[PDB]
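J.: please find the sequence and an experimentally derived structure below.
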Number of protein chains: 2
Amino acid sequence: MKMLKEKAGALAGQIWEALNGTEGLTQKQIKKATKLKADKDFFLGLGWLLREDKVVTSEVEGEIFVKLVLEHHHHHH
Amino acid sequence: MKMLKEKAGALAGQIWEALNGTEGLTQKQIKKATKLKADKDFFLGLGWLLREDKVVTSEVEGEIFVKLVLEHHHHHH
């Protein structure tokens, strides 16, 4: 009994570590720094960063822009 | 105010409703029942179901299958 949750938790680690040491990256720069072959793995890992409130997500020019929670943001997009 | 986390939480209601009263549905069966145009949005809703463990995940023939965590009617594979 091996869940897709355990997978999503391993994805969460490497995505968090890509956003660790920087002030913020978009979907292309995150998958670049994580070595993610597909965006499919980005969505599961990112959702796990949202559950623990480690990151904040918003749209910039059609890209999913994500970064670690340092300060509050009203960027409604 | 309106973040990409906020729409992930919003979709989690209708993704759950597609699984409500069923033995579980696939990604396409839920996407049809919820009226989602892009599958990219489904992963953010499903990810919110995984964060609170209110569902169980599986894979049927290379496609995403998910069910509510309530009980186990395990017939066939």
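T.: It's in. Numbers count the residues shown, from 1 in each chain, chains lettered A, B, ... in the order given.
J.: wait, residue A:55 touches residue A:70, no?
T.: No: Residue A:55 is not in contact with residue A:70 according to Cβ atoms under 8 Å; the separation is 10.4 Å. All C-beta atoms are positioned from the backbone trio N, CA, C, and that covers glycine.
J.: who's more crowded, these two?
T.: The neighbour count for residue A:55 versus residue A:70, taken as other Cβ atoms under 10 Å in any protein chain shown, is higher for residue A:55 (19 against 9).
J.: residue of chain A with the smallest distance to chain B?
T.: Of all residues in chain A, residue A:47 sits closest to chain B, at 2.7 Å by Cβ to the nearest Cβ.
J.: so who does residue A:22 touch?
T.: A:33, A:67 (Cβ atoms under 8 Å, 6 or more residues apart in numbering or on different chains).
J.: how about residue A:77?
T.: A:58, A:59, A:60, B:2 are the contacts of residue A:77 under Cβ under 8 Å, 6+ apart.
J.: just flag the most distant two among those.
T.: Within the contacts of residue A:77, A:60 and B:2 form the most distant pair, 13.9 Å apart (Cβ to Cβ).
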